[PDB]
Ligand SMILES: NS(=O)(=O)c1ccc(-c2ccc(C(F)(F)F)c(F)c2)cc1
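Presented below, as structure tokens, is a lone chain in the form deposited without this ligand.
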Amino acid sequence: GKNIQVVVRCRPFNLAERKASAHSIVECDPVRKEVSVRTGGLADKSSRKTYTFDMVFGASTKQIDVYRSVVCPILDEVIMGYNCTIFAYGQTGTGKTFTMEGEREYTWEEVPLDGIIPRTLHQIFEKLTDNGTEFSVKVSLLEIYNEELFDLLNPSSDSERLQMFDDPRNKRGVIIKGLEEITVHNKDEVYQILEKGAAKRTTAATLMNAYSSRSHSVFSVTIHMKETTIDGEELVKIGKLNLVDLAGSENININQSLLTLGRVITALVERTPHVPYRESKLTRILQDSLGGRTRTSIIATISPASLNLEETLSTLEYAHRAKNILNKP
């Protein structure tokens, strides 16, 4: 699977983990692209399990580093008119959202702590403006909670589950009816769009108890591009990027949707003819991207802490089952 990259990002051990008297049980090796965990736990030390992936981000890794390495070559493809997807997958609290969104002249914000989504909107605007491309950008943001779809961007949207239909004009496509798409007018409008997104998600975790923790959220960008050549020829392209912050790993039943995604990715990597797209909402919505000429990436997040051993081992196993990479001698 040249086209499907699986990478691992170990976040810093944290304060809560110290106070529980946890210790680091995971060793990352960016050069050998390995992650080792002592599976025995504490005094085992005979129990070391090692995994190999496309990339392993050690401690020195910053937000820009994940961006240049995972995202930039995918936006290249998106800008050439392809449809791509990037997943963040892992235990709650391990960095899926920090990676996808991150945190905030830069006066009130920490741009170094910006994640994938705002950096993506920035490059889109910077690259397309520089090369003289006439363009327009729109985004939708939806969440999936217990197999029901909710629009995070509808101002008047109460509650209401959106409805998804097959699209008989495309056998791989899908139509989410009523889905709001904002037009993005500048680099910084993303921040306000993520704000509106969060307010709304917060509401729905009250009147609903759909915790962003237990939900998938799908942030989709569509770019309409027109290039004019030397002679005044017009070249028209439509790119699409899906940035997905998955439901927490920990119970591995949105548990079933995660697993379906796993089989979908494994069938793609292995080229087996049976690809179970229809078995979850997430994979139906995404079949268009995953199934064509494309690039796909999973950022598997983990905590280094001994207290997280089981969920960390499971996340590693999931990512390994996804794209199986033999360990080096």
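Each residue number is its position in the shown sequence, starting from 1.
One more form of this protein exists, namely the form solved in complex with this ligand; it is left out here, but the text below deals with it.
Chemist: Open or blocked: after superimposing the binding-site C-alphas and transferring this ligand from its position in the deposited complex, do three or more ligand atoms sit within 2.4 angstroms of any backbone or C-beta atom?
Modeler: This form leaves the site blocked.
Chemist: Heavy atom within 4.5 Å of this ligand in the deposited complex: which of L149, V184, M225, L258?
Modeler: The option sitting close enough to the partner is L258.
Chemist: Looking at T133, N83, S249, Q123, which has any heavy atom no more than 4.5 Å from this ligand in the deposited complex?
Modeler: Exactly one residue meets the criterion: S249.
Chemist: Might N308 be said to contact this ligand in the deposited complex, defining contact as any heavy atom within 4.5 Å?
Modeler: Looking in the deposited complex, residue contacts with this ligand do not include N308, since no heavy atom lies within 4.5 Å.
Chemist: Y89: heavy atom within 4.5 Å of this ligand in the deposited complex?
Modeler: Output for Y89 is yes: heavy atoms within 4.5 Å of this ligand.
Chemist: Looking at the partner-bound form in the deposited complex, is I25 within 4.5 Å of this ligand by any heavy atom?
Modeler: No, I25 stays farther than 4.5 Å from this ligand in the deposited complex.
Chemist: Is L286 part of the interface with this ligand in the deposited complex - any heavy atom within 4.5 Å?
Modeler: Contact with this ligand, no.
Chemist: Go through 296-318 residue by residue and record those having a heavy atom within 4.5 Å of this ligand in the deposited complex; state none if no residue qualifies.
Modeler: Residues within 4.5 Å: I298, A300, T315, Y318.
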